[PDB]
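The structure appears below as structure tokens.
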Amino acid sequence: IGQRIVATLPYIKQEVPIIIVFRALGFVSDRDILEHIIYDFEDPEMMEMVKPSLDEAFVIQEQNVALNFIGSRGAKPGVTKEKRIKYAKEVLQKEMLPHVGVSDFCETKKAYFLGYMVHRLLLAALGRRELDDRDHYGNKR
Amino acid sequence: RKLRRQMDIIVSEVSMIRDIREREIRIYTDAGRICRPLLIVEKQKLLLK
Amino acid sequence: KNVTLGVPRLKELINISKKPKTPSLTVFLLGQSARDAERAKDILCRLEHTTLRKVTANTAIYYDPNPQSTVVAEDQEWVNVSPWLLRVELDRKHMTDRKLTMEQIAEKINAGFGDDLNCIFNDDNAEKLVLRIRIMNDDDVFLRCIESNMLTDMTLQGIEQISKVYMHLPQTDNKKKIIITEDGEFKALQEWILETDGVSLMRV
Amino acid sequence: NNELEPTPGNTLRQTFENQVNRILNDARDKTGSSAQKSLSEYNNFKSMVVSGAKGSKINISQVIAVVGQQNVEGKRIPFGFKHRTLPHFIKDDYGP
Amino acid sequence: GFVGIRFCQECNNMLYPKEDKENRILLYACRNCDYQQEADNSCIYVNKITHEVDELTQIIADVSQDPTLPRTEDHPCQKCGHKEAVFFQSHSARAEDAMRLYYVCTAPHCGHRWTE
Amino acid sequence: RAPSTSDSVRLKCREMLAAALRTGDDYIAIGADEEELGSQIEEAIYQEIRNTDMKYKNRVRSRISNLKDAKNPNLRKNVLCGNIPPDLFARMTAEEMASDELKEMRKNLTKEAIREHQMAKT
Ligand SMILES: [Zn+2]
Ligand SMILES: [Zn+2]
């Protein structure tokens, strides 16, 4: 098995697996997530690599349970399910990815950006795209 | 590229990078990038005359 | 190859580190095997670590319920006499390099996994060497779990911690064998020696 | 053209680099030896080298014959850019 | 050749395999609903240890219109007969022993690629 | 010179080996008592092993596969023609001798190649 894709959210004391993050955005459906991540369903080696960190996440399906799962690990976790849900929702809408947009709703593009990150990670893993160089000043300001 | 070389809407500071191995096009307009001027070759001659 | 000489080696020697950067062993062959590389590579294979993943070419799991159905063309099942198997084919060249044979690979698998699994092996004569492994007594994924937990760490042949072994003829006279002749000269000799990449020093 | 037999114990890239480095080192050594043979008895580099006061024959070779091959971490110049060492070169060039 | 992926039609979910303990027929079932389907592949999971897979699948024909790539006239195109075609190596990792060049015809709307 | 036995598994192996000898029409061309030969090989294997365990069954299966394989009918030819004694074929080991010339050649060349593949150290 092994090879589980996870995330390290800001102001969250513990890492969380990815599919819980996607469902926290409200993507309860499963085909939507893989559409966001995999842009072509014809290469089996690419698509099989998400199964490890997809079978790890079948307990959580609804949005509220995902938000509570996130909030249980917050910097100041709530004492009520409403507190956990609102805290996790606020930290996702504000702290996570301000550059894509902090408008009233940005899930339609935040999900695509997370999918792009995961797709890049899988591309690096499969060897279809070499790693980035820290010394290259195209990557510096 | 043509609009930047005419310098009408895209200022000369903007850099357009197109990747071909992966179909991406990247555009940067932020501060801090380091750039130097260079001559332009059209086919095999110079635009400098 | 790499030996990491210089100041880092001095630090490793001064600060006695339970793990160095590049531990290795120089092995001298005792008998006539030190002279013919053919009878030294067998020792090399007896030394180097070899798991199942080193020899496997392709692997696949099928749901063939009827044993005589044989979803793939394999006449061996009929003469040999869970509804799913685990067909494993082995690369021929790697299989021969270790001077190994499937009849004992199956015995290793059976000894490792008890009676939970039953392995059927193709004969050496056939061009394609295959292994039909069937569990007999949530088991759909159990084959995947075991194969991911036996292919990597099986230890078909050799000893652990020895990543690779180099057969080498020394050029300098320091490692060359020295024997005083009958009339009294020194007459340095050249014999095969080996350089591992791990440390056992006891099984070796 | 895939007509390169891998050297015992070496990958294809490793043996390719081995032949390349061997050829380049042979060229450097031969040119240096020719330069040493060319020097006169009144030359000052030769006088200060043979006495061991300063310098060595490699310095004479680099001043006269050829500087040689540069390396970082014991290998030739790495592909700092994408599949090339400088913008003035062309992708996947392993020439001297 | 490979194991495909089938999606549940009701709730848009992965279809897990499920052997029929009575009919001895492999079937695909969801988990969020009592959905069943007939499995025709007769395969579950394959794995190629060698991983020596051809890379022509992802060789985009857009590579031809690139100015920083070599151009040669030694191996012309087979069909259109164009005399010039760019070439490049694996351009990817995992290559145990790869020095061959994957050619692409430098012709508009040709896309002819081959390995030598 | 095959003493008949009473063990059912032994006779099953004998008849399977005999039917294996029926492949390739070599027995028809020669005209020999292949059943007697099968009994002799089974008895020789039993003498070598002194048991009826996994080794018995896998050795019999290996011999059957070697005999009935059509890629090397020469071994069947020269075992039914009396070129090789039955006992030596019984004590035959693996494939290094009961093989065609092409497989022996490819094994030899891969053995020679692994020399260089395992030298290293410049
Ligand atoms: Zn469903
Ligand atoms: Zn063309």
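Every chain in the structure tokens has a letter given in the order shown (A, B, ...), and although residue numbers restart at 1 in each chain, ligands are simply numbered from 1 in the order shown.
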*Do you know which residues are at most 12 Å from residue 85 in chain F counting only C-alpha atoms, after dropping those on the same chain fewer than 6 positions away, and could you put them as a ChimeraX atom specification?*
/F:37,40-41,44,75,78-79,91-92
Resulting file, chosen residues, N, CA and C atoms, as a short mmCIF file (atom, residue, chain, number, x, y, z; two decimals), in the first residue's frame:
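Saved file selection_26.cif follows:
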```cif
data_model
loop_
_atom_site.label_atom_id
_atom_site.label_comp_id
_atom_site.auth_asym_id
_atom_site.auth_seq_id
_atom_site.Cartn_x
_atom_site.Cartn_y
_atom_site.Cartn_z
N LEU F 37 9.68 -48.44 -19.58
CA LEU F 37 10.60 -47.33 -19.33
C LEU F 37 10.05 -46.39 -18.27
N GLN F 40 10.53 -47.94 -14.96
CA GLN F 40 11.94 -47.90 -14.57
C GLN F 40 12.34 -46.52 -14.06
N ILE F 41 11.93 -45.46 -14.76
CA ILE F 41 12.27 -44.11 -14.30
C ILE F 41 11.61 -43.80 -12.97
N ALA F 44 13.55 -45.60 -10.32
CA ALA F 44 14.84 -44.96 -10.10
C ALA F 44 14.69 -43.68 -9.29
N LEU F 75 15.38 -34.93 -27.02
CA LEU F 75 15.55 -35.65 -25.77
C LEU F 75 14.63 -36.87 -25.71
N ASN F 78 16.21 -39.51 -28.11
CA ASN F 78 17.39 -40.21 -27.63
C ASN F 78 17.20 -40.85 -26.26
N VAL F 79 16.05 -40.66 -25.61
CA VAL F 79 15.75 -41.45 -24.43
C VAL F 79 14.93 -42.68 -24.79
N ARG F 91 18.61 -39.37 -12.61
CA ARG F 91 19.46 -38.49 -11.82
C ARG F 91 19.82 -37.21 -12.55
N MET F 92 19.13 -36.90 -13.64
CA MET F 92 19.31 -35.64 -14.34
C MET F 92 18.95 -34.47 -13.42
#
```
*helix (DSSP H, G or I) residues, from DSSP on the backbone, in chain B, as a VMD selection string*: chain B and resid 2 to 6
Can I get the selected residues back with N, CA and C atoms, as a CSV table (one decimal), in the first residue's frame?
```
chain,number,residue,atom,x,y,z
B,2,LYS,N,4.4,40.3,-29.7
B,2,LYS,CA,4.3,41.5,-30.6
B,2,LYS,C,3.8,42.7,-29.9
B,3,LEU,N,2.8,42.5,-29.0
B,3,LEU,CA,2.3,43.7,-28.2
B,3,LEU,C,3.4,44.2,-27.3
B,4,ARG,N,4.2,43.3,-26.6
B,4,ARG,CA,5.2,43.7,-25.7
B,4,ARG,C,6.3,44.5,-26.5
B,5,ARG,N,6.7,44.0,-27.7
B,5,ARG,CA,7.7,44.7,-28.4
B,5,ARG,C,7.2,46.0,-28.9
B,6,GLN,N,5.9,46.1,-29.2
B,6,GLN,CA,5.4,47.5,-29.5
B,6,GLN,C,5.2,48.3,-28.2
```
Got a sec to pull out which chain D residues are within 12 Å of chain C, counting only C-alpha atoms, and send them as a CSV table (one decimal) with C-alpha atoms, in the first residue's frame?
```csv
chain,number,residue,atom,x,y,z
D,8,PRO,CA,31.7,-3.7,-17.2
D,9,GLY,CA,30.0,-2.3,-14.1
D,10,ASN,CA,29.0,1.0,-15.7
```
Neighbours of residue 37 in chain D within 12 Å (only C-alpha atoms; same-chain residues fewer than 5 positions away dropped), as a PDB file with N, CA and C atoms, in the first residue's frame?
```
ATOM      1  N   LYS D  30      48.778  14.989 -24.203  1.00  0.00           N
ATOM      2  CA  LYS D  30      49.619  15.034 -25.393  1.00  0.00           C
ATOM      3  C   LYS D  30      50.019  16.465 -25.734  1.00  0.00           C
ATOM      4  N   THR D  31      49.068  17.401 -25.668  1.00  0.00           N
ATOM      5  CA  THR D  31      49.401  18.792 -25.954  1.00  0.00           C
ATOM      6  C   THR D  31      50.393  19.342 -24.937  1.00  0.00           C
ATOM      7  N   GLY D  32      50.210  19.007 -23.658  1.00  0.00           N
ATOM      8  CA  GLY D  32      51.161  19.446 -22.653  1.00  0.00           C
ATOM      9  C   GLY D  32      52.554  18.894 -22.884  1.00  0.00           C
ATOM     10  N   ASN D  43      64.455  29.232 -21.634  1.00  0.00           N
ATOM     11  CA  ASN D  43      63.139  29.622 -21.152  1.00  0.00           C
ATOM     12  C   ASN D  43      63.135  29.682 -19.631  1.00  0.00           C
ATOM     13  N   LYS D  46      60.760  26.893 -17.616  1.00  0.00           N
ATOM     14  CA  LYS D  46      61.465  25.629 -17.454  1.00  0.00           C
ATOM     15  C   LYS D  46      62.495  25.719 -16.339  1.00  0.00           C
ATOM     16  N   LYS D  57      54.909  21.383 -14.223  1.00  0.00           N
ATOM     17  CA  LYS D  57      54.761  21.224 -15.666  1.00  0.00           C
ATOM     18  C   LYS D  57      53.328  21.463 -16.126  1.00  0.00           C
ATOM     19  N   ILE D  60      52.886  25.093 -16.978  1.00  0.00           N
ATOM     20  CA  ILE D  60      53.437  25.409 -18.293  1.00  0.00           C
ATOM     21  C   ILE D  60      52.485  24.953 -19.386  1.00  0.00           C
ATOM     22  N   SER D  61      51.947  23.741 -19.248  1.00  0.00           N
ATOM     23  CA  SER D  61      51.019  23.228 -20.250  1.00  0.00           C
ATOM     24  C   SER D  61      49.783  24.111 -20.360  1.00  0.00           C
ATOM     25  N   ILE D  64      50.722  27.508 -22.082  1.00  0.00           N
ATOM     26  CA  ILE D  64      51.121  27.458 -23.484  1.00  0.00           C
ATOM     27  C   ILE D  64      50.140  26.645 -24.319  1.00  0.00           C
ATOM     28  N   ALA D  65      49.888  25.398 -23.918  1.00  0.00           N
ATOM     29  CA  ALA D  65      49.190  24.469 -24.801  1.00  0.00           C
ATOM     30  C   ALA D  65      47.675  24.626 -24.735  1.00  0.00           C
TER      31      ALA D  65
END
```
*Neighbours of ligand 2 within 9 Å, counting only C-alpha atoms and all ligand atoms, as a VMD selection string?*
chain E and resid 76 to 85 104 to 113
*Any idea which chain A residues end up within 8 Å of chain B if we count only C-alpha atoms, as a ChimeraX atom specification please?*
/A:138,140-141
How would the residues just picked look written out with N, CA, C and O atoms as a PDB file, in the first residue's frame?
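result24.pdb written:
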```pdb
ATOM      1  N   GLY A 138      15.696  31.801 -11.734  1.00  0.00           N
ATOM      2  CA  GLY A 138      14.342  31.959 -12.217  1.00  0.00           C
ATOM      3  C   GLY A 138      13.313  31.731 -11.134  1.00  0.00           C
ATOM      4  O   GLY A 138      12.146  32.100 -11.306  1.00  0.00           O
ATOM      5  N   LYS A 140      13.699  32.920  -7.935  1.00  0.00           N
ATOM      6  CA  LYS A 140      14.085  33.812  -6.853  1.00  0.00           C
ATOM      7  C   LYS A 140      13.665  35.239  -7.169  1.00  0.00           C
ATOM      8  O   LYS A 140      13.502  35.614  -8.332  1.00  0.00           O
ATOM      9  N   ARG A 141      13.494  36.031  -6.115  1.00  0.00           N
ATOM     10  CA  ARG A 141      13.111  37.429  -6.232  1.00  0.00           C
ATOM     11  C   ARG A 141      14.037  38.282  -5.381  1.00  0.00           C
ATOM     12  O   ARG A 141      14.556  37.832  -4.357  1.00  0.00           O
TER      13      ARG A 141
END
```
*Mind the document's chain letters and residue numbers, and return as number ranges by chain the residues of chain A that DSSP labels strand (DSSP E).*
A: 6-7, 16-17
Go ahead and write the residues just picked, N, CA and C atoms, as a PDB file, in the first residue's frame.
```
ATOM      1  N   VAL A   6      -0.800  13.603   1.400  1.00  0.00           N
ATOM      2  CA  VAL A   6      -1.325  14.343   2.539  1.00  0.00           C
ATOM      3  C   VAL A   6      -1.030  15.825   2.350  1.00  0.00           C
ATOM      4  N   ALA A   7      -1.569  16.634   3.261  1.00  0.00           N
ATOM      5  CA  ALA A   7      -1.404  18.078   3.220  1.00  0.00           C
ATOM      6  C   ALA A   7      -1.010  18.583   4.599  1.00  0.00           C
ATOM      7  N   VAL A  16      -3.128  16.428   7.415  1.00  0.00           N
ATOM      8  CA  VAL A  16      -4.408  15.802   7.098  1.00  0.00           C
ATOM      9  C   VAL A  16      -4.363  15.229   5.685  1.00  0.00           C
ATOM     10  N   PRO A  17      -4.928  14.048   5.454  1.00  0.00           N
ATOM     11  CA  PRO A  17      -4.965  13.498   4.095  1.00  0.00           C
ATOM     12  C   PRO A  17      -5.814  14.342   3.156  1.00  0.00           C
TER      13      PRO A  17
END
```
*Please, which residues have at least one atom within 7 Å of an atom of ligand 1, using only C-alpha atoms and all ligand atoms, listed as a list in words?*
residues 8, 9, 10, 11, 12, 13, 30, 31, 32, 33 and 35 of chain E
